[PDB]
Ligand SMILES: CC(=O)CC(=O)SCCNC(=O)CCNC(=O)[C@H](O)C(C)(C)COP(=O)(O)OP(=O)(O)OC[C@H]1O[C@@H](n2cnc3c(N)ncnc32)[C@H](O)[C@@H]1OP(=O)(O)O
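The chain below stands alone and is given as structure tokens, in the form solved without this ligand.
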């Protein structure tokens, strides 16, 4: 994979989206590859934190679109697989949001444990109602969990973004670094610099043990949502609305 790299640095397994010209739009194979990277981090006994970083002005613009058209099975299969990988990951997942995230990639940002923002222009957009689709990526559970049920209905029902002010009002962002959007590279490195200082002295297996207990609060709900989001969308695909709108 050329759009995504990774490396390990002490207890940190770092994943980097490096396709800024295309606003880190991702195809099915990029979402599989992201899931396999989380599997590799999850099985590395030296890794304690899995940091997701991107590049350019967008974190990611979401799915990249270019009866063989039954090609929606590999689409649906790639969404489930990468969602399930984020849900079950046992290492502390940290998103460095260097700009907006849209669709599935915004769904994965909502599954990370901790989120840092480059500046106040970040936003998350879930345009399901505009694509003739329904919740995906576990957002049925993660959005009301992290932004509250009334705010989630306003955004999802009317295809409106979860903006910075909403994200701060809910504690979704742990720290805003207030850096220009023209340098994700420097924001990425300053998050890693603060992280290296904050882990000093700590017993790192305690982070994983607390995460394991923390995750048991909503883990069944998340696995259930992953399966019913997919079950429920099938008729939307059979009707064909998404296909038309996806041709746009």
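So that the term is clear: the rigid core is the largest set of C-alpha atoms that superpose within 1.5 Å between two forms. Numbering follows the first chain given and starts at 1.
> Indicate whether the chain is continuous between residue 66 and residue 67 or, if not, how many deposited residues are absent from the coordinates: none, 1 to 3, 4 to 9, or 10 or more.
According to the record, 10 or more deposited residues lack coordinates from residue 66 to residue 67.
> Mean C-alpha B factor from the entry: is it higher for 94-102 or for 68-76?
Result of the comparison: 68-76.
> Averaging C-alpha B-factors over each stretch, which comes out higher, 212-220 or 179-187?
Higher of the two, by average CA B-factor, is 179-187.
> Could you say which of 17, 225, 25, 14 has its CA atom at the highest B factor, as listed in the PDB entry?
25 has the highest C-alpha B-factor of those listed.
> Going by what the PDB entry lists, where does residue 35 fall on CA B-factor within its chain: lowest, middle or highest third?
CA B-factor rank for residue 35: lowest third.
> Grab the CA temperature factor for residue 130 from the record and place it in the lowest, middle or highest third of its chain.
Its C-alpha B-factor, which the entry lists for residue 130, ranks in the highest third among residues of this chain.
> Per the entry's values, where does residue 194 land by CA temperature factor relative to the rest of its chain, in the lowest, middle or highest third?
For residue 194, whose C-alpha B-factor we compare with every modelled residue in the chain, the answer is the middle third.
> Sort the modelled residues of this chain by their C-alpha B factor and say whether residue 49 lands in the lowest, middle or highest third.
As the PDB entry reports it, the C-alpha B-factor of residue 49 lands in the middle third of its chain.
Unshown form solved in complex with this ligand; subsequent notes refer to it.
> Just to confirm, with a 4.5 Å cut-off on non-hydrogen atoms, which of 170, 174, 178, 130 contacts this ligand in the entry with it bound?
Contact with this ligand in the entry with it bound is made by 130 alone.
> This ligand in the entry with it bound: within 4.5 Å of a heavy atom of each of 36, 50 and 92?
Not one of the three qualifies.
> Want to guess which of 41-49, 187-195, 205-213, 54-62 is within 4.5 Å of this ligand in the entry with it bound, heavy atoms only?
Correct option: 54-62.
> Does residue 143 reach this ligand in the entry with it bound, with heavy atoms at most 4.5 Å apart?
So residue 143 does not count as contacting this ligand.
> Give a yes/no on whether residue 23 approaches this ligand to within 4.5 Å in the entry with it bound, heavy atoms considered.
Yes, contact at 4.5 Å.
> Does any part of residue 112 reach within 4.5 Å of this ligand in the entry with it bound? Heavy atoms only, please.
Residue 112 lies outside the contact set for this ligand.
> Even though this ligand is not shown here, does residue 166 get within 4.5 Å of it in the entry with it bound, heavy atoms only?
Outside the cut-off, so no.
> What residues, if any, in 185-217 have a non-hydrogen atom within 4.5 angstroms of this ligand in the entry with it bound?
Heavy-atom contacts to this ligand in the entry with it bound: nothing from 185-217.
> For the list 133, 112, 141, 72, which one shows a CA move of 2 Å or more between this form and the one not shown after the core is fit?
The one that moves 2 Å or more is 72.
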